[PDB]
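Peer 1: Dropping a structure here in structure tokens format, bear with me for questions.
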Amino acid sequence: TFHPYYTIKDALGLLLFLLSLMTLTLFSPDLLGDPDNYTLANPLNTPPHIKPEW
Amino acid sequence: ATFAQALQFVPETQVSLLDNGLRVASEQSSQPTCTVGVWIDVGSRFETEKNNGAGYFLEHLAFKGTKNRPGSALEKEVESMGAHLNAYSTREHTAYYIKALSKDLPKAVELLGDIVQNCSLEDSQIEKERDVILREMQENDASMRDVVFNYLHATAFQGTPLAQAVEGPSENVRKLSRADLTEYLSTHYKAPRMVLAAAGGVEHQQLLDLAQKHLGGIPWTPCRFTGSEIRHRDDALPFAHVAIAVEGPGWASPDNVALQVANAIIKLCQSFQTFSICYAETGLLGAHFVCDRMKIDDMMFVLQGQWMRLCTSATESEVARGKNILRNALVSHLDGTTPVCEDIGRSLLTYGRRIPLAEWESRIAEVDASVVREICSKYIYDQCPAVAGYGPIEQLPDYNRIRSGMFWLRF
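Line by line, the protein sequences give chains J and L.
Counting from 219, one number per residue, gives the positions in the first sequence under the authors' numbering.
Count the second sequence with the authors' numbering and you get residues 36 to 256, 267 to 311, 336 to 480, in order.
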């Protein structure tokens with residue numbers, strides 16, 4: 219039965235996922251980001267290193 | 036007249052103590068027949084792993100020969116007297132009794148002595164009993180209710196010597212030598228660990244004289270409940286058997302009566342029964358039900374819901390009905406010479422005295438709905454249970470589900 223075993227196993231998974239997410243947003247919020255996205259869009263100049271998200 | 040007056044009408048059971056320690060008890064009556072027996076406070080609980088089947092084997096070969104007369108002679112005398120010689124062995128008690136005519140009271144008593152004091156353990160008879168018991172274990176394997184209860188005891192008590200079966204393992208009975216049986220007899224069958232109890236048309240003085248004559252030569256001189274589970278899956282079996290129990294108080298506990306009332310208070338199940346197996350310091354209170362493969366979960370839910378309702382919401386009408394049921398069962402059980410004789414022997418073995426029916430009625434009258442719910446919460450609510458299931462056991466909820474069902478989130 220999934221109720222008494224995988225519910226807590228998933229809850230633990232949720233706790234670990236929230237750990238990772240909160241450490242990613244609270245200590246290195248821009249680790250997985252691109253600084254060039256903090257400049258207002260300029261249709262007359264493409265940034266030198268235009269790349270999509272990871 | 037009234038129920039109380041009728042209880043007062045019941046004759047008392049005279050009890051006397053012999054020099055060696057044997058406790059002779061009797062209950063005089065006007066019946067023309069009697070049942071005289073010896074109850075020994077020895078059972079499977081007192082047997083180590085080396086001699087787990089010793090008591091059962093002795094029960095087998097006790098009627099197959101004594102020193103004074105061969106087994107054929109003993110059986111022939113019993114048959115000629117018209118009496119019935121019977122025996123039983125539990126995990127805590129042993130008993131050899133004779134249901135005979137009143138005028139045959141002397142000989143029968145003498146017979147019991149020959150069965151107890153000087154038992155002839157013939158080697159050929161011992162091998163014959165070995166073969167018979169090896170057959171009998173396989174025969175008993177068919178009966179799945181007893182298998183379930185053995186599983187329940189084994190899983191509930193485990194390391195305790197109370198978990199081994201009365202019969203004993205096949206390897207144990209195969210290797211159980213004569214010297215082991217003699218040592219078991221020497222260390223166990225001795226007064227004052229024995230009670231000679233008779234009922235029916237017997238005078239206590241006559242019984243005392245016979246006991247001194249034939250039973251005076253007898254020599255003068267941590268249980269732990271583990272809430273585990275066992276499930277033996279066998280889908281070929283038609284119906285599934287389930288027995289779920291929780292720790293119960295021993296013989297010496299006032300809560301037994303309230304638990305009896307609660308069990309009496311307790336249809337998806339084809340056959341559903343409630344048991345209150347009591348021991349010295351422990352006990353199993355629970356239910357045994359037979360089920361279809363597809364209905365085990367619903368029956369377990371219903372039983373646990375009844376348990377929770379009793380533990381939390383026990384109304385007065387249901388408790389009164391349970392008390393009346395318990396009174397009727399108590400009075401009806403003690404009908405006949407054999408039941409009252411067995412009650413005398415067992416009560417002297419476990420409680421002491423004889424706990425007369427008037428005290429039983431007063432104790433039942435004390436029981437109240439508040440008392441019922443309090444004691445049920447004390448013993449049943451939020452307790453780790455012991456479960457035993459005999460296949461087809463697949464829909465039976467996992468132990469965590471059962472344990473969770475042992476309590477209510479609403480409460």
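Ideal placement from N, C-alpha and C gives every residue a C-beta, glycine not left out.
Between L:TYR450 and L:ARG80, what straight-line distance do the alpha-carbon atoms span, to the nearest angstrom?
Peer 2: 28 Å
Peer 1: If I measure Cβ to Cβ from L:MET368 and keep anything under 8 Å in the same chain, skipping five residues before and after, which residues do I get?
Peer 2: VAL287, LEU337, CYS338, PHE341, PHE358 and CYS360
Peer 1: By the three-class DSSP mapping on this structure, what secondary structure does L:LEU52 have?
Peer 2: strand
Peer 1: Check whether the Cβ atoms of L:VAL456 and L:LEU187 sit closer than 9 Å, and answer yes or no.
Peer 2: Against a cut-off of 9 Å, the Cβ pair of L:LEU187 and L:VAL456 comes out as a contact.
Peer 1: Does the distance from the C-beta atom of L:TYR123 to that of L:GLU292 stay below 9 Å?
Peer 2: no
Peer 1: Using a Cβ cut-off of 9 Å, pull out every chain L residue sitting near J:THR225, in sequence order please.
Peer 2: In chain order: nothing, as chain L lies at least about 11 Å away.
Peer 1: Quick one: give me the first and last residue of the beta strand (DSSP E) that L:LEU231 is part of.
Peer 2: 229-233
Peer 1: List the residues of chain J that L:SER473 touches, going by C-beta distances under 9 Å, in chain order.
Peer 2: Residues of chain J passing the Cβ test: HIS221 and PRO222.
Peer 1: For L:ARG470, return the contacting residues in chain J, with the cut-off set at a CB-CB distance below 8 Å.
Peer 2: In chain order: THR219, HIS221 and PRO222.
Peer 1: Answer yes if the segment 100-113 of chain L comes into contact with the segment 167-178 of chain L, meaning at least three C-beta pairs across the two stretches below 8 Å, and no otherwise.
Peer 2: no
Peer 1: With L:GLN342 as the anchor, note down where its beta strand (DSSP E) starts and where it stops.
Peer 2: 340-347
Peer 1: Report the partner residues of L:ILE275 according to the DSSP bridge assignment.
Peer 2: L:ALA457, per the DSSP bridge assignment.
Peer 1: Taking the alpha carbon of L:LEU53 as the reference point, which residue from L:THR406, L:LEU245 and L:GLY235 has its own alpha carbon closest?
Peer 2: L:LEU245
Peer 1: Can you tell me which of the three DSSP states L:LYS85 falls into?
Peer 2: Note: L:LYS85 maps to coil in three-state DSSP.
Peer 1: Determine, using beta carbons only, whether L:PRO461 comes closer than 9 Å to chain J.
Peer 2: No, because no Cβ of chain J sits closer than 9 Å to the Cβ of L:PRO461.
Peer 1: Measuring only the C-alpha atoms, how far is J:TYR256 from J:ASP228?
Peer 2: Going from the Cα of J:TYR256 to the Cα of J:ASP228 covers about 36 Å.
Peer 1: Could you tell me which chain J residues have their CB closer than 8 Å to the CB of L:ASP451, listed as they occur along the chain?
Peer 2: Going along chain J, no residue has its Cβ under 8 Å from L:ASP451, so there is no contact; the nearest lies around 16 Å.
Peer 1: What does DSSP give as the partner residues of L:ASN121 in its beta bridges?
Peer 2: L:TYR132
Peer 1: Could you spell out the range, first to last residue, of the alpha helix (DSSP H) harbouring L:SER221?
Peer 2: 213-223 is the span of the alpha helix (DSSP H), which, as asked, contains L:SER221.
Peer 1: Between the C-alpha atoms of L:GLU94 and L:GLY251, what's the straight-line distance to the nearest angstrom?
Peer 2: 22 Å
Peer 1: Using the DSSP secondary-structure output, state which residues sit across from L:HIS286 in a beta bridge.
Peer 2: Under DSSP, L:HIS286 shares a beta bridge with L:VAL359 and L:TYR459.
Peer 1: In angstroms with no decimal places, state the Cα-to-Cα distance between L:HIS119 and L:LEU109.
Peer 2: 12 Å
Peer 1: Out of J:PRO253, J:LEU230 and J:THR264, point me to the one whose CA is closest to J:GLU271's CA.
Peer 2: With respect to the C-alpha of J:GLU271, the residue from J:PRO253, J:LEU230 and J:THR264 having the closest C-alpha is J:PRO253.
Peer 1: So, for L:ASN308: in the same chain, excluding its five sequence neighbours on each side, which residues have a beta-carbon less than 6 Å away from its beta-carbon?
Peer 2: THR343 and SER345
Peer 1: Spell out the partners DSSP gives L:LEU354 in its beta bridges.
Peer 2: L:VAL291 and L:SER345
Peer 1: List the endpoints of the continuous alpha helix (DSSP H) containing J:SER238.
Peer 2: 224-244
Peer 1: What does the alpha-carbon distance come out to for the pair L:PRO466 and L:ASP366?
Peer 2: Take the alpha-carbon of L:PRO466 and the one of L:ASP366: they are about 6 Å apart.
Peer 1: Evaluate residue 260 of chain L with the Cβ neighbour count: other Cβ atoms within 10 Å of its Cβ, from every protein chain shown; 16 or more gives buried, anything less gives exposed.
Peer 2: Position 256 is followed directly by 267 in chain L, which means residue 260 of chain L is not present among the coordinates.
Peer 1: With distances taken from CA atoms, which of L:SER61, L:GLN241 and L:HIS277 is nearest L:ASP176?
Peer 2: L:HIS277
Peer 1: Compare the C-beta of L:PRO454 against all C-beta atoms of chain J and say whether one is closer than 9 Å.
Peer 2: no
Peer 1: Can you find a CB in chain J that lies within less than 9 Å of the CB of L:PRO466?
Peer 2: yes
Peer 1: According to the Cβ coordinates, are L:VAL306 and L:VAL441 closer than 9 Å?
Peer 2: yes
Peer 1: Rounded to whole angstroms, how far is the Cβ of L:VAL208 from the Cβ of L:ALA143, which I believe are closer than 8 Å?
Peer 2: Not confirmed; about 30 Å, so no contact.
Peer 1: Quick check: the Cα distance between L:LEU379 and L:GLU114, rounded to an integer number of angstroms?
Peer 2: 51 Å
Peer 1: Apart from the five residues just before and just after L:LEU156, which ones in its own chain have a Cβ nearer than 7 Å to its Cβ?
Peer 2: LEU96, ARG213, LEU216 and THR217
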